[PDB]
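Trainee: This is the structure, below, for whatever I ask next.
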Amino acid sequence: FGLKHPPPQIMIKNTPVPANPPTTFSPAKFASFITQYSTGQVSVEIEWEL
Amino acid sequence: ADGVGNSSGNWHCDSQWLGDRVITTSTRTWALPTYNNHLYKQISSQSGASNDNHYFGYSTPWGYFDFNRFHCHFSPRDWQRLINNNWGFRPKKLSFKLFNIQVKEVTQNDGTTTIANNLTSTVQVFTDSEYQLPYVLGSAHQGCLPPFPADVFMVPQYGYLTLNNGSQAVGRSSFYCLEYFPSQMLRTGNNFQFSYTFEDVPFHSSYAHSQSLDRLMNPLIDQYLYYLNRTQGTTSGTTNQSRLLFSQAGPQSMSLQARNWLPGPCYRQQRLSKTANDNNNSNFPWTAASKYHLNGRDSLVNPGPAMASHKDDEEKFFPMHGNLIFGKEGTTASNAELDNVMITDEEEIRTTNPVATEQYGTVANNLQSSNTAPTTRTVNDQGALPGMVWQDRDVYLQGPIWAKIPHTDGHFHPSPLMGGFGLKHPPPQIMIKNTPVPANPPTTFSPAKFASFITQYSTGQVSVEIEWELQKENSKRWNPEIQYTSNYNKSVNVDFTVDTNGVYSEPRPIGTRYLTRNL
């Protein structure tokens, strides 16, 4: 089936958790994060005509 | 007010364009360490430093939140859209939110480090709505919400200065303890809200002038006012004797007409060519720079009065310390090259404001007579005269938004010389801090100061939202207008995006003044 307005794309992401920052302020880009992942359950349900 | 498994607030960002106003909101992630080991530290300049570079003050364990830059709110597409259709704008309302706060403890036992959650630790936050602490915003300091929403940033440390007699202090100096303020303590689950309303402020002139002060008349009709145009005699035999003669100024003698207004005030600055070899071979800066000194110590006027960068067809000369200079991505902060920086141009105000490199004009300075010929003098520093009309300095996507007008008895033009809107009651400074968590105390009571704390930091999300009023343009110009565009030519990477290494960059400065108006 071709659709002008198909089911939209759901996007998911893990927010970045910074590691311990330097004691003295630095304007440099923060590039030391805590490594972690995520898991969960996803349910889908489609009603179809016959 | 929630538990540990419920999130406070969401990630909003985006912007909304309404009929007469635009709501720009942005969310970022922030980190915060402990500063000065939870100590207030006195800071003096140095022993043997320069007289001008002297200072006395304090540094606190408190951070603060900065969002006083347009690029910390707008986006390149939004900015281009705003400046290509509007004759002005100004802030109307402000909302601020802190949420999703986590306090994380750090442990060190070897070369490795371990980070753990600390659910019972609080965080202190408060806003100086009564404007009692010194205002350090509006000084073009670093550390506002990075231009790219995906960047995680760091909360700058707070500190202030006071009166100093050399490197020392005076009894008139003040000390402010920020723990001496009512502050809100919040754990993982709590959040902080804040709302604010800007006061009345003039619209920013986001347009150039299609006319000029010196050319504001009819190019077809003579004036009915006479002007002295000759002192000798025009007739034969009288060309060598004095005789006053009066003419009427028309389209030809267009520089001798009568006028109503004068160009803005001037404060001359030195000139520099963008080509290195065309300049003088000496270290003249700070020895040939327009500088002002008070209390016996000098200081440099970097922005200075709003004055045109160069004349027409110059495109090569800029005043020394006469315009904002931005840094390109990944540029050293000490002795960078000319091609690694970004010098802003303020030529749009050539019509009203005098050029910075040149003078205001000449004034007679003697009583001419038969024996003595008249003599004039060039004037490079000009104050304020009746009938003076001028224009303010433009603002840029990366430039400052506002500043705090000092609480003094007198003001002439409270518009900041560095940027945009001057406010008597600007958005207050929000300060945030990590409460100190003591380590195990001694078993036997000791009155000594407790100086063994648990090392930990904090992180969270900060949302900001400003509602801005817009002034629409209704121009009767027939031909098209000049506007900001992206070059269509092929390029390795497009402007205002990330490179293969994921580093966001800003290639050029963008000014608001693109549309035109008649004087």
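Chain labels follow the order of the structure tokens: the first chain is A, the next B, and so on; residue numbering restarts at 1 in every chain, and ligands are counted from 1 in their shown order.
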Would you mind listing, for every residue of chain B within 7 Å of chain A, the two atoms forming the shortest contact and the distance between them in Å to one decimal, using only C-alpha atoms, sorted by chain and ascending residue number, as JSON lines?

Mentor:
```
{"residue": "B:31", "atom": "CA", "partner": "A:18", "partner_atom": "CA", "distance": 6.6}
{"residue": "B:32", "atom": "CA", "partner": "A:21", "partner_atom": "CA", "distance": 6.7}
{"residue": "B:33", "atom": "CA", "partner": "A:21", "partner_atom": "CA", "distance": 5.7}
{"residue": "B:34", "atom": "CA", "partner": "A:23", "partner_atom": "CA", "distance": 6.3}
{"residue": "B:35", "atom": "CA", "partner": "A:23", "partner_atom": "CA", "distance": 6.1}
{"residue": "B:142", "atom": "CA", "partner": "A:27", "partner_atom": "CA", "distance": 6.6}
{"residue": "B:143", "atom": "CA", "partner": "A:27", "partner_atom": "CA", "distance": 6.1}
{"residue": "B:152", "atom": "CA", "partner": "A:30", "partner_atom": "CA", "distance": 5.8}
{"residue": "B:153", "atom": "CA", "partner": "A:30", "partner_atom": "CA", "distance": 6.1}
{"residue": "B:156", "atom": "CA", "partner": "A:25", "partner_atom": "CA", "distance": 5.6}
{"residue": "B:157", "atom": "CA", "partner": "A:25", "partner_atom": "CA", "distance": 6.4}
{"residue": "B:457", "atom": "CA", "partner": "A:20", "partner_atom": "CA", "distance": 6.2}
{"residue": "B:459", "atom": "CA", "partner": "A:18", "partner_atom": "CA", "distance": 6.9}
```

Trainee: Within 8 Å of residue B:149, counting only C-alpha atoms, which residues qualify if same-chain residues fewer than 3 places away don't, as a list in words?

Mentor: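 Residues near the query, excluding close chain neighbours: residues 26, 27, 28 and 146 of chain B.
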
Trainee: When you count only C-alpha atoms, which of these residues is closest to residue B:23: B:91, B:264, B:285, B:9?

Mentor: B:91

Trainee: For residue B:472, please output as a list in words all residues within 9 Å (counting only C-alpha atoms; exclusion window: fewer than 5 positions along the same chain).

Mentor: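 Everything that qualifies: residues 20, 85, 86, 87, 88 and 89 of chain B.
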
Trainee: Mind checking DSSP for stretch 176-315 of chain B and telling me the strand (DSSP E) residues as a PDB file with N, CA and C atoms, in the first residue's frame?

Mentor:
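Written file, states38.pdb:
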```pdb
ATOM      1  N   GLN B 184      16.502  27.357  46.945  1.00  0.00           N
ATOM      2  CA  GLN B 184      15.693  26.151  46.853  1.00  0.00           C
ATOM      3  C   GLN B 184      16.600  24.938  46.707  1.00  0.00           C
ATOM      4  N   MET B 185      16.392  23.944  47.565  1.00  0.00           N
ATOM      5  CA  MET B 185      17.149  22.701  47.539  1.00  0.00           C
ATOM      6  C   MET B 185      16.293  21.618  46.902  1.00  0.00           C
ATOM      7  N   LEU B 186      16.846  20.941  45.899  1.00  0.00           N
ATOM      8  CA  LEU B 186      16.068  20.008  45.100  1.00  0.00           C
ATOM      9  C   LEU B 186      16.863  18.735  44.844  1.00  0.00           C
ATOM     10  N   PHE B 192      12.842  23.101  39.023  1.00  0.00           N
ATOM     11  CA  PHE B 192      12.816  24.530  39.308  1.00  0.00           C
ATOM     12  C   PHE B 192      12.220  25.272  38.122  1.00  0.00           C
ATOM     13  N   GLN B 193      11.306  26.198  38.399  1.00  0.00           N
ATOM     14  CA  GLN B 193      10.647  26.997  37.378  1.00  0.00           C
ATOM     15  C   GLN B 193      10.877  28.478  37.647  1.00  0.00           C
ATOM     16  N   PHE B 194      10.801  29.282  36.588  1.00  0.00           N
ATOM     17  CA  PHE B 194      11.033  30.713  36.721  1.00  0.00           C
ATOM     18  C   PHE B 194      10.419  31.417  35.517  1.00  0.00           C
ATOM     19  N   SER B 195       9.752  32.543  35.762  1.00  0.00           N
ATOM     20  CA  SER B 195       9.152  33.346  34.705  1.00  0.00           C
ATOM     21  C   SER B 195       9.525  34.809  34.903  1.00  0.00           C
ATOM     22  N   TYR B 196       9.630  35.538  33.792  1.00  0.00           N
ATOM     23  CA  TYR B 196      10.113  36.911  33.826  1.00  0.00           C
ATOM     24  C   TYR B 196       9.543  37.682  32.643  1.00  0.00           C
ATOM     25  N   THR B 197       9.364  38.988  32.833  1.00  0.00           N
ATOM     26  CA  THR B 197       8.823  39.867  31.806  1.00  0.00           C
ATOM     27  C   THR B 197       9.786  41.020  31.571  1.00  0.00           C
ATOM     28  N   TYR B 207      17.606  47.244   9.846  1.00  0.00           N
ATOM     29  CA  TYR B 207      17.512  47.724   8.477  1.00  0.00           C
ATOM     30  C   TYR B 207      18.605  48.752   8.240  1.00  0.00           C
ATOM     31  N   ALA B 208      18.957  48.925   6.971  1.00  0.00           N
ATOM     32  CA  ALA B 208      19.862  49.974   6.542  1.00  0.00           C
ATOM     33  C   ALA B 208      19.049  51.164   6.041  1.00  0.00           C
ATOM     34  N   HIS B 209      19.745  52.217   5.628  1.00  0.00           N
ATOM     35  CA  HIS B 209      19.110  53.428   5.125  1.00  0.00           C
ATOM     36  C   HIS B 209      19.330  53.524   3.623  1.00  0.00           C
ATOM     37  N   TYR B 226      20.394  82.021   0.565  1.00  0.00           N
ATOM     38  CA  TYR B 226      21.660  82.423  -0.024  1.00  0.00           C
ATOM     39  C   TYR B 226      22.827  82.015   0.864  1.00  0.00           C
ATOM     40  N   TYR B 227      23.966  81.765   0.225  1.00  0.00           N
ATOM     41  CA  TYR B 227      25.184  81.382   0.919  1.00  0.00           C
ATOM     42  C   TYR B 227      26.367  82.093   0.281  1.00  0.00           C
ATOM     43  N   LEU B 228      27.313  82.501   1.119  1.00  0.00           N
ATOM     44  CA  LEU B 228      28.532  83.133   0.634  1.00  0.00           C
ATOM     45  C   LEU B 228      29.352  82.118  -0.150  1.00  0.00           C
ATOM     46  N   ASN B 229      29.588  82.392  -1.436  1.00  0.00           N
ATOM     47  CA  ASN B 229      30.341  81.476  -2.279  1.00  0.00           C
ATOM     48  C   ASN B 229      31.644  82.052  -2.810  1.00  0.00           C
ATOM     49  N   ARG B 230      31.854  83.361  -2.708  1.00  0.00           N
ATOM     50  CA  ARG B 230      33.066  83.984  -3.219  1.00  0.00           C
ATOM     51  C   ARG B 230      33.437  85.137  -2.305  1.00  0.00           C
ATOM     52  N   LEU B 245      30.265  87.692  -2.118  1.00  0.00           N
ATOM     53  CA  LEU B 245      29.281  87.346  -3.132  1.00  0.00           C
ATOM     54  C   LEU B 245      28.479  86.140  -2.668  1.00  0.00           C
ATOM     55  N   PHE B 246      27.173  86.181  -2.911  1.00  0.00           N
ATOM     56  CA  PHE B 246      26.244  85.180  -2.412  1.00  0.00           C
ATOM     57  C   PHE B 246      25.521  84.513  -3.571  1.00  0.00           C
ATOM     58  N   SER B 247      25.363  83.196  -3.473  1.00  0.00           N
ATOM     59  CA  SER B 247      24.704  82.395  -4.493  1.00  0.00           C
ATOM     60  C   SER B 247      23.638  81.527  -3.838  1.00  0.00           C
ATOM     61  N   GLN B 248      22.911  80.784  -4.667  1.00  0.00           N
ATOM     62  CA  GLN B 248      21.909  79.831  -4.210  1.00  0.00           C
ATOM     63  C   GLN B 248      22.359  78.428  -4.587  1.00  0.00           C
ATOM     64  N   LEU B 262      23.002  66.859  11.912  1.00  0.00           N
ATOM     65  CA  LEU B 262      24.426  66.574  11.870  1.00  0.00           C
ATOM     66  C   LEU B 262      24.660  65.094  12.127  1.00  0.00           C
ATOM     67  N   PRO B 263      25.791  64.550  11.680  1.00  0.00           N
ATOM     68  CA  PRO B 263      26.077  63.136  11.938  1.00  0.00           C
ATOM     69  C   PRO B 263      26.408  62.886  13.402  1.00  0.00           C
ATOM     70  N   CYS B 266      31.577  61.329  17.350  1.00  0.00           N
ATOM     71  CA  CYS B 266      32.746  60.603  16.884  1.00  0.00           C
ATOM     72  C   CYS B 266      33.771  60.448  18.000  1.00  0.00           C
ATOM     73  N   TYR B 267      34.553  59.373  17.906  1.00  0.00           N
ATOM     74  CA  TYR B 267      35.688  59.121  18.798  1.00  0.00           C
ATOM     75  C   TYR B 267      36.715  58.356  17.961  1.00  0.00           C
ATOM     76  N   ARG B 271      43.520  53.098  12.043  1.00  0.00           N
ATOM     77  CA  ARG B 271      43.107  52.293  10.903  1.00  0.00           C
ATOM     78  C   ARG B 271      44.135  51.205  10.628  1.00  0.00           C
ATOM     79  N   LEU B 272      43.658  50.038  10.197  1.00  0.00           N
ATOM     80  CA  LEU B 272      44.518  48.919   9.848  1.00  0.00           C
ATOM     81  C   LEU B 272      44.063  48.323   8.528  1.00  0.00           C
ATOM     82  N   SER B 273      45.017  48.058   7.643  1.00  0.00           N
ATOM     83  CA  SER B 273      44.720  47.350   6.410  1.00  0.00           C
ATOM     84  C   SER B 273      44.733  45.850   6.665  1.00  0.00           C
ATOM     85  N   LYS B 291      42.169  55.169  23.973  1.00  0.00           N
ATOM     86  CA  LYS B 291      41.915  54.566  25.271  1.00  0.00           C
ATOM     87  C   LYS B 291      41.495  55.649  26.252  1.00  0.00           C
ATOM     88  N   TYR B 292      40.743  55.239  27.269  1.00  0.00           N
ATOM     89  CA  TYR B 292      40.264  56.142  28.306  1.00  0.00           C
ATOM     90  C   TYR B 292      40.738  55.629  29.656  1.00  0.00           C
ATOM     91  N   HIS B 293      41.108  56.539  30.549  1.00  0.00           N
ATOM     92  CA  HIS B 293      41.637  56.157  31.849  1.00  0.00           C
ATOM     93  C   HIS B 293      40.826  56.809  32.957  1.00  0.00           C
ATOM     94  N   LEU B 294      40.552  56.033  34.003  1.00  0.00           N
ATOM     95  CA  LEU B 294      39.876  56.543  35.185  1.00  0.00           C
ATOM     96  C   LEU B 294      40.555  55.984  36.425  1.00  0.00           C
ATOM     97  N   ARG B 297      44.071  54.603  36.034  1.00  0.00           N
ATOM     98  CA  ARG B 297      44.417  53.422  35.256  1.00  0.00           C
ATOM     99  C   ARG B 297      43.680  53.447  33.927  1.00  0.00           C
ATOM    100  N   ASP B 298      44.367  52.990  32.882  1.00  0.00           N
ATOM    101  CA  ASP B 298      43.867  53.045  31.518  1.00  0.00           C
ATOM    102  C   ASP B 298      42.905  51.893  31.241  1.00  0.00           C
ATOM    103  N   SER B 299      42.231  51.987  30.100  1.00  0.00           N
ATOM    104  CA  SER B 299      41.340  50.944  29.628  1.00  0.00           C
ATOM    105  C   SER B 299      41.063  51.201  28.156  1.00  0.00           C
ATOM    106  N   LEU B 300      40.786  50.123  27.433  1.00  0.00           N
ATOM    107  CA  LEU B 300      40.660  50.157  25.986  1.00  0.00           C
ATOM    108  C   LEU B 300      39.193  50.136  25.585  1.00  0.00           C
TER     109      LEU B 300
END
```

Trainee: Which residue out of B:75, B:59, B:375, B:50 has the minimum interatomic distance to residue B:13 when only C-alpha atoms are used?

Mentor: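 Residue with the minimum atom-to-atom distance to residue B:13: B:75.
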
Trainee: Quick one: residues within 12 Å of residue B:270, only C-alpha atoms counted, chain neighbours fewer than 3 positions away excluded, as a ChimeraX atom specification?

Mentor: /B:267,273,279-280,284-291,301-302,309-310,317-322,355-359,380

Trainee: Using only C-alpha atoms, determine which residues lie at most 12 Å from residue B:133, disregarding the query and same-chain residues fewer than 5 positions distant; provide the list as a ChimeraX atom specification.

Mentor: /B:126-128,158-162,174-181,428-431

Trainee: Would you list the contacts of residue A:14 as an MDAnalysis selection string, taking every protein, DNA or RNA residue within 9 Å and counting only C-alpha atoms, but skipping same-chain residues closer than 4 positions in sequence?

Mentor: chainID A and resid 36:38

Trainee: What does the distance between atom CA of residue B:331 and atom CA of residue B:283 come to in Å, to one decimal place?

Mentor: 22.6 Å

Trainee: For a test of reading the model, state the distance in Å between atom CA of residue B:90 and atom CA of residue B:304, rounded to one decimal.

Mentor: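 Atom-to-atom, atom CA of residue B:90 to atom CA of residue B:304, that is 22.8 Å.
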